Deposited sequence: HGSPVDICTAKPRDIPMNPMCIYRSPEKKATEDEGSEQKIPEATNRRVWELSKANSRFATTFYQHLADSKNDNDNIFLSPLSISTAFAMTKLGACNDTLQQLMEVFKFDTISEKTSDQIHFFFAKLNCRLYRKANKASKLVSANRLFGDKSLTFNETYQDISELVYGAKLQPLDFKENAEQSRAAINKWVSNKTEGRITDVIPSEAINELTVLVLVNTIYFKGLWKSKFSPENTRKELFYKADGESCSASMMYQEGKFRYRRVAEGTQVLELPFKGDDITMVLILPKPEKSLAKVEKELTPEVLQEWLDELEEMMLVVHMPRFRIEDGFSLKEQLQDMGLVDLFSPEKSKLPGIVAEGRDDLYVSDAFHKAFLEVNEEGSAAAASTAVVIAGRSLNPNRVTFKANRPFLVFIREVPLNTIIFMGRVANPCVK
C-alpha cells in the first residue's frame, strides 16, 4: 500500500478525536484535491496578508504556504479537542463542505501523490516535513504509520535533553541535504535547548528551468523603483515571446512564465505605477486571484524582469498564535495524544521553523549559465504589450494542474 493507491480505510483515524466541519469544475481534476487546494490557497493568501501587513514594504518575502499547510496537516494527525479544532480552522481545512478532520489526510494523500510521485527529473518537488521529538517521546504507531504513508514524514527522536546542539546541527544537516545545500540553517542559533520537546520543520525545494529562457547578453543594469521613493541598480533581464497574460483591474499586469515541464509556472503580479503593491496585497483574495488566472491568454509581448535571490527564514509560532493556533503551543492546553512520554506532564509543540529559497536568473530557478539566444526570421507586431517589472511585484510559483500555490512572495527590492 502506497500513497498513490491509498483508500480512506487505509488511513484510519482513531476517533475520540474527530472534527466535524460545518456545512456551507475543471475536467481531469480530482474534486478531492481540488477542494483541498482551495482551502490551502485560502490559508495562503490569509497568512500572506498577515505577514506583509506586519512587514516593511521594501523587504522581500518568500515562503511555501503549501509546505506550511502540509507540515501542520501531518502534525494534526496526533491532535485532539480544541488543539485539533484550532488546526482545522486556522489552516482553513474546515472550509471544505462538511469534511471530518480524518478525511483531510485522505485528500492530502491524493494531493501529495501527484506532487511528488507524478513527475519528471525536470520539475520535481522535494518535500521536507519532519517532527523532531526528544528521545523520551514515543509516537503512537498509528501516528508514525500515517505520517509515513501520507506525508512521507518521519517522527524523528533526537536527544534534546543532553545533546541539544548536536541535534540542531543534525536537523540543519537533514534540511540542507533536502535543499541540495541551498537552505543550511532552518533552525537559528540557540533555539533548541535541554528544554526543547517538539520541533516542527518543513520546506519545499524546487529548481526548474524556464521553458523560455532569457539571454545573459540582453541583461543589463537598469533602475528599480522601490516603495520608499529611492531607486537602485538591478540586473534587468529581457526577452520577447509568447506568454499567458492579462491586464486586470486598475491596470495590474499579470504574467505567467512557465518552467520546463509545463506543470509548474511562475506568476508575476505587477500593479500600475500609480498604484501600490500594498494596496494590491490587501485586495488580493483567493477568488480575485483565481479570476485573474482565468483571464490569461497566450500573447506576444516584451518582458523586462530583474534577476533576484530571496532567502526567507520563519519562526512560525508567533504569527500562527496570533492567528488562532493557540493550544498547540501551550503546555497546559495542548492536546497531542499521539505523542506520549513516561510520566511526562504536558506534551506540546515548542516551535516550528520554515525556510524558503528563491533564486531567479536567465536560466530559471536554478544554477546560472552562459546560454545565449539566437532568433532568426522573426518579425513581431510593432504594437505588442510590454511588461517592465522595475517596481515591486508579487510572485507565485504554482502547480497548475493541481491549482496549488507552492510558493508565494514579493520582490520589493532585487538590488545588490
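- Residues of the deposited sequence that lack C-alpha coordinates fall in the stretches 1-4, 29-39, 432.
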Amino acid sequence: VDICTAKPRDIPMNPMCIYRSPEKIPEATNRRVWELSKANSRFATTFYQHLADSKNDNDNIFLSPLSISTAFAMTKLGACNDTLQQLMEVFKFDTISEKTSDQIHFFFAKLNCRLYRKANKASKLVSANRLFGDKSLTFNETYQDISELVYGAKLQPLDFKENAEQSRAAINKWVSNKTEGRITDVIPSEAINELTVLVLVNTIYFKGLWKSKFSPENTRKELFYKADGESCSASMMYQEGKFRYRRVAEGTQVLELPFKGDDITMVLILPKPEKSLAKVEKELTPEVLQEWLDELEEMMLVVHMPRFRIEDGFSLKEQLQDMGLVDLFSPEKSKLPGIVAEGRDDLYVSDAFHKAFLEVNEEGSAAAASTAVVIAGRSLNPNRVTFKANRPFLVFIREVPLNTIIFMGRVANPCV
From here on, numbers count along this sequence of modelled residues.
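- In this entry, 167-175 has the higher mean Cα B-factor, the comparison being between 206-214 and 167-175.
- Here 54-62 and 27-35 are compared by their mean Cα B-factor, and 27-35 comes out higher.
- Out of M13, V400, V395, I406, it is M13 whose C-alpha atom has the highest B-factor in the PDB entry.
- If you compare the C-alpha temperature factors of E281, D145, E194, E256 in the entry, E194 comes out highest.
- Sort the chain's modelled residues by C-alpha temperature factor and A367 lands in the highest third, per the entry.
- Compared with the other modelled residues of the chain, the Cα B-factor recorded for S123 ranks in the highest third.
- When the modelled residues of the chain are ordered by their C-alpha B factor, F353 lands in the middle third.
- Looking at the C-alpha B-factors along this chain, the one for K161 belongs to the highest third.
- In the PDB entry, a CA B factor belonging to the middle third of its chain's modelled residues is recorded for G78.
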